[PDB]
Amino acid sequence: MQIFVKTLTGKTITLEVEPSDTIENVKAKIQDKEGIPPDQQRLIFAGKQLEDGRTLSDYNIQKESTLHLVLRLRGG
Amino acid sequence: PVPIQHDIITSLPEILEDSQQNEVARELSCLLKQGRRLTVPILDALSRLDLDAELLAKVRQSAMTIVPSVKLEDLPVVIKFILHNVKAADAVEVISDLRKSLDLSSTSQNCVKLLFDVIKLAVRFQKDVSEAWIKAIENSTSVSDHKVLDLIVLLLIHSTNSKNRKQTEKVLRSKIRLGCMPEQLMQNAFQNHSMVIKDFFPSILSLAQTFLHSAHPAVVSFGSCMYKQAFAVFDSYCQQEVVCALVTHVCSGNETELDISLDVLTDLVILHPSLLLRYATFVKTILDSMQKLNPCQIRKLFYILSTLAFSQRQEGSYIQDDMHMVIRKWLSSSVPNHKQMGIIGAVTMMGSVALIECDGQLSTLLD
Amino acid sequence: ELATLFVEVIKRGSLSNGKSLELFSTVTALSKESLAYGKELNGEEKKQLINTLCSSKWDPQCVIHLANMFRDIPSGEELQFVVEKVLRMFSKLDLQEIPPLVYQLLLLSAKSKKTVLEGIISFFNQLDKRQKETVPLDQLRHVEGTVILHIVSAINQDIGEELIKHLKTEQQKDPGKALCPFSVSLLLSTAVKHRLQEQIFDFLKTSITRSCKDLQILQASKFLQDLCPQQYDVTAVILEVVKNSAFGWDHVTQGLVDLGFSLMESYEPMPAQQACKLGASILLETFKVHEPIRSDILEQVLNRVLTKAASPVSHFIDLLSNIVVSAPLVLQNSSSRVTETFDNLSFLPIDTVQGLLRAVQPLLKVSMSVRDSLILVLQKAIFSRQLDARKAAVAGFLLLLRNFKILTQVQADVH
Amino acid sequence: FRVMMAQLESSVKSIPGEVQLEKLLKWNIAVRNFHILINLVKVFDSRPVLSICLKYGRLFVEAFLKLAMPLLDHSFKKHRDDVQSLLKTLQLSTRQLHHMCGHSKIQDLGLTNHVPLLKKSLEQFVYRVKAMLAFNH
Amino acid sequence: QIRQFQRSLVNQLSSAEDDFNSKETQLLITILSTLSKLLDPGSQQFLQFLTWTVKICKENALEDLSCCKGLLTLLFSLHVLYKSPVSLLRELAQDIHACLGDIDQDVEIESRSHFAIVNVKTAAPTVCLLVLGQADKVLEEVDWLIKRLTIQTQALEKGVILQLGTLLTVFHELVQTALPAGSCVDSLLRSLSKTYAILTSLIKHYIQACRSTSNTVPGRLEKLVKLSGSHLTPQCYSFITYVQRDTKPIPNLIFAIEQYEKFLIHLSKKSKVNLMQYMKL
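Protein chains in written order, with the entry's author numbering: chain E, 1 to 76; chain D, 207 to 312, 341 to 589, 606 to 617; chain S, 107 to 133, 135 to 138, 141 to 148, 150 to 155, 157 to 185, 187 to 223, 225 to 246, 260 to 282, 285 to 397, 415 to 552, 567 to 574; chain P, 1235 to 1250, 1258 to 1347, 1349 to 1379; chain C, 957 to 1107, 1122 to 1214, 1248 to 1284.
Have a look at this one:
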């Protein structure tokens, strides 16, 4: 479903969940959507970080919930 | 032949009549001089039991000069006997005797493996060997005329104790401060017998992170010789521990820690050309969170980064790209000290070109 | 520039429209350097608009207004005044959607430091306050793991010095400073990744102080003082730490393990002994609760099985007893290593052989793949020894014979 | 005053059979005389430099009062005619610090500089003296 | 069981307990105590017991029923209303022959109650055991009444002034009176020595507290400090004479005047108070 991924942008941004999705299926669906690249993100999945190999079922994941979707440039 | 002698000595050596058994044990321990055959076979039932109570103690009185110039394997065997047979309280002084006699520390690692088998099955069997290696260094060896096995055994006894380590650290830096056997032989240990010190790799690392944020002159300057000598010729899996110590430990370390990290990465990227590959990204990650540098501290960061990124052909790619990117990142627009950090980085990179399309990169930096 | 309207429009009328953080970008810097209400000030101390706007959205107006204020420097009584105002819908309502707490405030600490202490209280105020009285509790968990991600993104200051200022003084610093149920969450979490042994030592002093004040305070000030010495926080932080695992956020729930090797690791056996016991009961609670890593933590008792050359009596004994009884056992997930403790441990202590055997037998003995793997060892290992190693033969012979229920039947030595 | 009296404390602490008792007697008697004049002239200076005397002299009344009494108890009868001499130059100066000098309580929030430790050194010299005679006779 | 032990053992303390009653006595006291250890955790039992105990303590005493019957008196009456130490210490001033006035006198032995003085009064058994016992309950009231030094507050100020003046009046009787039957060349010396230094240290922390925050505590501290000077400030002096190798010249308790200075040094801060004038010197 559409997790209320309210990252550093400032709204409560949305998604379309994959119960066997990508390890950053939300990351791709936002990196297209928000714009910041899908390798320079980081989402606080309930308090832990997202495990970018396994998809968002591993989080005990929900629908409409809020990932803490921030990101900083290591190269910068 | 002694194969049959030591053969029957093995089986009777624990399970034997014990009334004439301990007497006949003392009979062979009266015969134990003429050969080094009965040394090990006695030492099994002189690891199990005592054919006499000070029969054991007199036999261990045989044990001190019992192996002054012994062979390799007779080293571990006669050491197991010469220490752990009957380790009394005053057997601590027993330890000191051996430390004078056969401890000139020298296949060879197998020789180290037998030395370790004895020294470390005893290091955690009876605690007195802790006090024993303490008196082996701190009494009269960890100051005056040091054995390389002194440093090795300190790796074993003076660093590798379960709870006998706090004063193990006290004597560990004790002559480690007054120049009692200083790090000029630390290269000799951390070069010649590596995994003989390397299995205690967490101990080398405890020496780094504690005796390396140090404040004595040549103790600090010898502890930085450890992380130097360690992360070069060690194994390439803890080298992430070296180059994540000389990187992140110099990240939030100190004025002293940041100087140590700049100098660590500097001794790496200078004294080691190739090994600066594998951990390149970690120092790249310490190349971001820059809230402590003067034009020599931030310039030291960029001096290291460019010290590697402009050095290899096929390997400079993601580094150099992230480099130009970071320079344009901060020193493109602005931050409270950000433009200072940027211009410093840009100049430092031009020093990287100060050695070519890097003139194009200097065009990019003015860009 | 463009944020004057926060007096009469933005924070007054027809405001709360988002993107005017760009409208703040004429000069997000009105509220370490701050205070332009007309005049680089204290974070929340200042002129007409940039002081009096803080009823609603003074420094940041939206969450994006918040992070834009952080992008503009303009934090003190603003974030705190809102944090009293909005807590679980309007400050950190989610971790992300509502979570200008988890995102915004951890934006603001980015880009002084003792303001973060109030944020802990701004975390502690009703957050973990109402726990005493998409998930209300899950909003607890999101704010908590976010705030822990926030502390961690801080550390990656030495607030612990002020933490020690929060550690001990006058009963203000003295009893209440570790008394945050997630206060200890943040202490352990921040200490997790590195440079934390001073924070460990702080909590060890906290447990020594709870032991002390309670022991004396049985009699020394009852009519005079009130209850809860050091808050009384020994089992307080214990029940709080089950709560950190209970939310299920692993921020420091699996960091809370190394508070036990600084419990039994300097164990003796009142004050100087009940702290090994605090560490042991904490290890047992976080072996029964944090169920995923249990074979990594009960594989950590094997450290006090290795170093128990006369070292580990109470620690290894009561530990392996509780965890081994609670767990089905590595079930040969311990059995790959744990066989030759007999003359390895008893070769130090004669309390070793009896204790290790009477622990690992109700798992490994009744397993029977390592039961004949262990009592094979002793009947070999108690052949020929000293009186310390004849005793292990006696001990394990008795242990096997007593624990293999006999009698025909499926007996101990009949089946 | 400070530079001198500090030098005098340092030199007195520097100096530590019956020739030995004669030596220690001579050196201590020299020292006791030096300190005699020092305290007397300390009746000539004022409030910034009484403190230097308080401090250097607490160091001195405990400088031999445990650091030379090793000798003055051992030659307590056989030398015995200087035991009154060294004791009397003591008792003069000791009157100075206590029976006059520590009048900051008459300093004044600047005389913790010797007040607790000085009263300690005085009671200590008295007691170690009446056990430095009774343990000789 | 209090019925059994109290009935029997008090039967002994009444009529038995001749030369033939020592082990019966000692086991009497140790039983009564170690059953009291949960004898009345609530007030009905605990107060019935402590009343039965003082009721006993009106009767006579002996050389082993001093120390242990006193220890049990301490456990009961000192968890029962833990400021009972000062209360009990008030009872500890009777005709026990020690420097009462004009040098030798009996200003206080153990008999402020005068029937507790029955138990710790009669002769040199009373003197020696109650010198030790005053000393021990002194250190108790000290380490715990010097435990309300951290715990700031207004309850803690009330509690400190109360318990401190109690401990001070205790020391006033136990110094103007006679500590070691006057002298008691080990334990009476030592009670004077340690209890003096402890009294000075505790008095130092309260004077030190004023240094931190000192807006208006001059009334209560005035009561406290004037009392401290007139009672435990002068008399430690007259003590220094009426108590002062071959016999071991170890009067190390003499350099506990440097604790008399610690009180004066802090008092010397005197910020807005002429405490040396509202007190003595």
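A virtual CB, placed ideally from N, CA and C, is assigned to each residue, including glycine.
Please classify residue 1176/C as buried or exposed, where buried requires at least 16 other C-beta atoms within 10 Å of its C-beta. Classification for residue 1176/C: buried.
Own chain residues within Cβ distance below 6 Å of residue 13/E, not counting five before or after: Spatial neighbours of residue 13/E in its own chain (CB-CB distance under 6 Å, excluding positions within 5 residues in sequence) are listed in chain order as 5.
For the segment 298-313 of chain S, list every residue whose C-beta sits within 9 Å of some C-beta in chain C, in sequence order. Contact residues of the segment 298-313 of chain S toward chain C are 298, 299, 300, 302, 303 (C-beta to C-beta distance below 9 Å).
Closest Cα partner of residue 268/D within the set 250/D, 255/D, 254/D, 235/D: Of the candidates 250/D, 255/D, 254/D, 235/D, the one whose C-alpha sits nearest the C-alpha of residue 268/D is 235/D.
State yes or no: is the C-beta of residue 312/S within less than 8 Å of the C-beta of residue 335/S? No, the pair does not count as a contact, with Cβ atoms beyond the cut-off.
Would you kindly report the start and end of the unbroken alpha helix (DSSP H) that includes residue 969/C? Following the DSSP letters along the chain, one finds residue 969/C inside the alpha helix (DSSP H) bounded by residues 958-970.
Under 9 Å by beta carbon: chain S residues contacting residue 397/D: Chain S residues near residue 397/D: 393, 394, 452, 456.
Interface residues of chain D facing residue 73/E [CB-CB closer than 9 Å]: Within chain D, the residues near residue 73/E are 522, 556, 559, 560, 563.
Look at the alpha carbon of residue 958/C and the alpha carbon of residue 988/C, and state the distance between them as a whole number of angstroms. Between the alpha carbons of residue 958/C and residue 988/C lies a gap of roughly 7 Å.
Find the nearest neighbour of residue 1274/C within the set 1028/C, 1182/C, 1043/C, 1055/C, judged by alpha-carbon distance. That would be 1182/C, whose Cα lies nearest to the Cα of residue 1274/C.
Proximity below 8 Å, CB of residue 288/S to CB of residue 246/S: The beta carbons of residue 288/S and residue 246/S sit no closer together than 8 Å.
Under 7 Å by beta carbon: chain D residues contacting residue 35/E: In chain order: nothing, as chain D lies at least about 17 Å away.
Taking the alpha carbon of residue 453/S as the point to measure from, which residue in 357/D, 581/D, 574/D has its own alpha carbon closest? The candidate whose alpha carbon is nearest that of residue 453/S is 357/D.
Residue 568/D versus residue 531/D - alpha carbon distance: Looking at the two C-alpha atoms, the distance is approximately 20 Å.
Can you grab the Cα-Cα spacing for the pair residue 457/D / residue 302/S, in whole Å? Straight-line Cα distance between these residues: approximately 39 Å.
Rounded to the nearest angstrom, how far is the Cβ of residue 423/S from that of residue 446/S, given a contact under 8 Å? Not a contact, Cβ separation roughly 17 Å.
Which same chain residues, not among the five before or five after residue 34/E, have their C-beta less than 7 Å away from its C-beta? Cβ contact annotation for residue 34/E (same chain, cutoff 7 Å, sequence separation greater than five): 9, 13, in chain order.
Is there a Cβ from chain C that is less than 8 Å from the Cβ of residue 335/S? No Cβ of chain C is located within less than 8 Å of the beta carbon of residue 335/S.
Compare the beta carbon distance of residue 212/D and residue 243/D with 8 Å and say whether it is the shorter of the two. By the CB criterion at 8 Å, residue 212/D and residue 243/D fall inside the cutoff.
Taking C-alpha atoms, which residue in 339/S, 291/S, 337/S, 300/S lies nearest to residue 318/S? If we check each option's Cα against that of residue 318/S, 291/S comes out closest.
Could you give the DSSP three-state label for residue 551/S: helix, strand or coil? In the structure shown, residue 551/S sits in coil (DSSP, three-state: anything other than H, G, I, E or B).
Among 338/S, 240/S, 279/S, the one whose alpha carbon lies nearest that of residue 295/S: Nearest of 338/S, 240/S, 279/S to residue 295/S, Cα basis: 338/S.
Closest residue to residue 18/E among 28/E, 27/E, 1/E (Cα-Cα distance): From the listed residues 28/E, 27/E, 1/E, the smallest Cα separation to residue 18/E is found for 1/E.
Have a look at residue 1158/C and residue 1149/C and give me their C-alpha separation to the nearest angstrom. One C-alpha to the other measures close to 5 Å.
Touch test, the segment 1321-1332 of chain P against the segment 1197-1211 of chain C, Cβ-Cβ under 8 Å, three pairs minimum: Fewer than three pairs of CB atoms, one per stretch, sit closer than 8 Å, so the segment 1321-1332 of chain P makes no contact with the segment 1197-1211 of chain C.
Does the beta-carbon of residue 1236/P have 16 or more other beta-carbons within 10 angstroms, so that it is buried, or is it exposed? Flag for residue 1236/P reads exposed.
Have a look at 426/D, 519/D, 223/D and flag the residue whose alpha-carbon is nearest the alpha-carbon of residue 383/D. It is 426/D.
Mind checking whether residue 1302/P and residue 1364/P have CB atoms under 8 Å apart? In this structure, residue 1302/P places its C-beta atom within 8 Å of the C-beta atom of residue 1364/P.
Interface residues of chain S around residue 76/E at Cβ under 8 Å? Neighbourhood of residue 76/E in chain S, by CB distance below 8 Å: empty, with the nearest CB roughly 14 Å away.
Do we get a CB-CB distance below 8 Å when we pair residue 1271/C with the residues of chain P? For residue 1271/C, the nearest CB of chain P lies under 8 Å from its own CB, placing it at the interface with that chain.
Test item: CB-CB of residue 502/D and residue 434/D under 8 Å: Not closer than 8 Å, so no.
Validate contact between the segment 1073-1084 of chain C and the segment 1013-1029 of chain C using beta carbons, cut 8 Å, 3 pairs: Below 8 Å, enough C-beta pairs join the segment 1073-1084 of chain C and the segment 1013-1029 of chain C to call them touching: three or more.
List the whole-angstrom C-beta distance separating residue 534/D from residue 496/D, where the pair is believed to meet the contact cut-off of C-beta under 8 Å. Correct: roughly 4 Å between the Cβ atoms.
Could you give the residue range of the alpha helix (DSSP H) that holds residue 544/D? Note, residue 544/D: premise wrong, no alpha helix (DSSP H); not H, not E.
Under 8 Å (Cβ pairs) to chain S, residues found in the segment 1164-1181 of chain C: Within the segment 1164-1181 of chain C, no residue qualifies.
Excluding the five sequence neighbours on either side, which residues of its own chain have a C-beta within less than 6 Å of the C-beta of residue 977/C, listed in chain order? Excluding sequence positions up to five before and after residue 977/C, its CB lies within less than 6 Å of the CB of 968, all in the same chain and listed in chain order.
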